[PDB]
Amino acid sequence: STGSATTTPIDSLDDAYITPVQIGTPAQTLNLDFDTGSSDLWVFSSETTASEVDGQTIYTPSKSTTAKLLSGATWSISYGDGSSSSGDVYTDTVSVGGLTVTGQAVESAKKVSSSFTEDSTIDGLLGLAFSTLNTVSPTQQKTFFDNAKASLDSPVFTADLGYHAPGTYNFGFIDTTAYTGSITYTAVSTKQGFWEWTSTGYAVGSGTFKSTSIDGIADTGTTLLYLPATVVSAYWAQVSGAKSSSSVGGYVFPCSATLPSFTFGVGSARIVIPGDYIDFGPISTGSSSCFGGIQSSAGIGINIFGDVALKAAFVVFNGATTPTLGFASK
Ligand SMILES: CC(C)(C)S(=O)(=O)N[C@@H](Cc1ccccc1)C(=O)N[C@@H](Cc1c[nH]c[nH+]1)C(=O)N[C@@H](CC1CCCCC1)C(O)(O)C(F)(F)C(=O)NCCN1CCOCC1
């Protein structure tokens with residue numbers, strides 16, 4: 001089997017991408033953020049504290065004939081940006097783009113943090129990291145991909161995110177029309193539960209490529225590209241007037257600037273991020289100071305190849321016995 005679904009930016013800046021997901025019988029369609037940085041499939045629900053719901057579409061398990069409460073199971077997660085959610089667990093039928101999993105763990109939120117309430121466009125998350133990170137207690141649950149994998153034509157999914165435009169998530173096949181050149185594959189470490197790999201280096205604009213190992217994760221649920229302070233300083237030094245702002249909490253630049261591209265290495269191959277992908281707009285409405293899309297990872301502890309980087313590539317998440325990651329230009 002296979003599946004294919006379109007993913008859409010939630011706003012004009014590509015802060016995040018949402019993908020429609022069918023849950024239950026009859027189907028309830030929710031727009032979820034596909035997140036290769038976590039391993040929980042959770043949704044706004046009829047059980048969510050009503051004052052914490054403000055415009056989201058909710059899952060009502062009582063209206064699904066295939067939903068079953070998973071007795072005694074609960075979940076609770078905290079994300080890198082400080083947001084969080086928690087609740088109880090159902091098993092139900094879940095379909096993505098024509099690919100169906102029966103008996104998927106659907107984590108129903110009883111509580112969400114203010115940042116979730118305040119964002120009406122994201123109805124929940126679909127985690128695509130390794131199932132060792134799943135937070136359900138006392139019996140850890142498998143991800144959508146792990147459940148689907150043996151049925152798939154090939155044990156893979158691909159991410160093809162758009163710049164200021166929709167893109168595609170595919171399951172079980174590689175669309176050879178969706179990229180240029182060849183796919184370069186690179187090793188993955190699963191020891192931390194992530195799609196962790198090592199980039200071979202970087203270049204700024206038309207500059208010389210610097211060969212250096214940069215360990216990081218491929219993370220569709222993070223907006224920005226977080227890299228070592230040395231690399232980040234080298235980038236923003238090429239932008240007149242850019243600076244690290246204490247009050248904003250990262251690099252800002254004049255909205256009148258033209259930004260250089262950023263290149264990262266995948267083995268002997270190279271992925272080029274155009275400069276406009278690195279512009280996230282005014283820091284506050286009406287400001288002439290704009291937020292940068294490349295930021296330091298120093299306060300985070302790991303480098304993160306978030307959407308700014310991934311949307312420049314066609315990315316293969318190969319879930320074979322020994323996982324690998326593939327990157328192609330497009
Ligand atoms: C505005 C922004 C300054 C650019 S922001 O950073 O707030 N944007 C958010 C994404 C966003 C956009 C729009 C609306 C809502 C949220 C962002 O990029 N958040 C990252 C920031 C980050 C990364 N690393 C450190 N900080 C994040 O937490 N991403 C997680 C998923 C997000 C959470 C908020 C809602 C959207 C999905 C994440 O899963 O990718 C993760 F990998 F960082 C993460 O937290 N992984 C959790 C892993 N735990 C390990 C222990 O076992 C349980 C699993």
Side-chain angles (χ1 to χ4, degrees), residues 3-21 31-38 79-81 96-97 99 119 121-129 143-145 156-181 183-186 188 194-195 197 199 216-227 259 261-264 266 269-281 291-295 303-319 325-330:
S4 178
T6 298
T7 191
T8 302
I10 67 167
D11 67 17
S12 67
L13 301 174
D14 300 343
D15 281 313
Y17 300 79
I18 51 173
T19 311
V21 179
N31 300 151
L32 310 184
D33 189 344
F34 283 25
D35 180 17
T36 58
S38 70
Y79 294 102
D81 59 20
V96 179
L99 171 67
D119 177 20
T121 68
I122 291 173
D123 301 324
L125 267 59
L126 192 148
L128 294 162
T143 66
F144 179 80
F145 177 57
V156 309
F157 65 92
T158 65
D160 180 12
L161 299 182
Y163 169 67
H164 290 2
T168 304
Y169 281 102
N170 290 331
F171 293 84
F173 72 103
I174 292 162
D175 183 355
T176 58
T177 71
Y179 56 89
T180 61
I183 307 176
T184 293
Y185 291 86
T186 193
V188 167
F194 301 117
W195 294 90
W197 64 289
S199 172
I217 65 166
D219 191 2
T220 58
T222 292
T223 312
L224 311 179
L225 172 57
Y226 293 91
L227 289 174
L259 300 180
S261 65
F262 187 87
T263 298
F264 64 92
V266 182
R270 306 287 176 255
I271 302 296
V272 181
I273 306 171
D276 287 346
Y277 291 25
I278 297 157
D279 182 351
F280 283 82
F291 197 67
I294 297 176
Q295 297 294 344
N303 309 112
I304 306 178
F305 292 88
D307 297 339
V308 161
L310 302 179
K311 73 181 82 167
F314 176 88
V315 187
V316 183
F317 293 84
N318 173 6
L325 267 175
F327 296 82
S329 292
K330 71 192 178 187

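One-based numbering along the sequence shown.
- Side-chain contact between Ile304 and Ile217 is present, with at least one heavy-atom pair separated by less than 4.5 Å.
- Under the 4.5 Å side-chain criterion, counting only non-hydrogen atoms from C-beta, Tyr277 is not in contact with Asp307.
- Using modelled atom types, one side-chain atom of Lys330 and one backbone atom of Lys311 make a donor-acceptor pair closer than 3.5 Å.
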Margin query: Show, in sequence, the C-alpha distance, side-chain angles and deciding distance for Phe194 and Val188, and conclude whether the side chain to side chain contact (heavy atoms under 4.5 Å, CB included) test is met.
Written below: CA-CA 9 Å; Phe194 301 117; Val188 167; over 6 Å; no
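- In this structure, the separation between OG1 on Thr158 and CG on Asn318 is 11.5 Å, given to the nearest 0.5 Å.
- Here the side chains of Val266 and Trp197 are in contact, with some heavy-atom distance below 4.5 Å.
- One finds the CD1 atom of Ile122 at 4.5 Å from the CG atom of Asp33 (value rounded to the nearest 0.5 Å).
- Using a 4.5 Å heavy-atom cutoff, the side chains of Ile174 and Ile183 are in contact.
- Side-chain contact between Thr121 and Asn31 is absent, with no heavy atoms from C-beta onward closer than 4.5 Å.
- The side-chain heavy atoms of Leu310 and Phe327, taken from C-beta on, include a pair separated by under 4.5 Å.
- Side chains of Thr180 and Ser329: a donor-acceptor N/O pair is absent below 3.5 angstrom, by distance only.
- In this structure, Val21 and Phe144 have side chains that are not in contact, with every pair of non-hydrogen atoms separated by 4.5 Å or more.
- With ring centers used as reference points, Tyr169 lies 6.0 Å or more from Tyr17.
- Although no hydrogens or angles enter the test, the distance criterion places a donor-acceptor pair under 3.5 Å between the side chain of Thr36 and the main chain of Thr220.
- Contact annotation: the side chain of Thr143 never approaches that of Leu128 to less than 4.5 Å [non-hydrogen atoms, C-beta and beyond].
- Here the side chain of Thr7 pairs no donor or acceptor atom with the backbone of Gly167 at under 3.5 angstrom.
- Among all heavy-atom pairs drawn from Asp11 and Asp14, the shortest one is OD1-N, 3.2 Å.
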Notebook entry, point to check: Is there a side chain to side chain contact (heavy atoms under 4.5 Å, CB included) between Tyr79 and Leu125 once you walk through the steps?
Noted result: CA-CA 12 Å; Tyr79 294 102; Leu125 267 59; 3.1 Å; yes
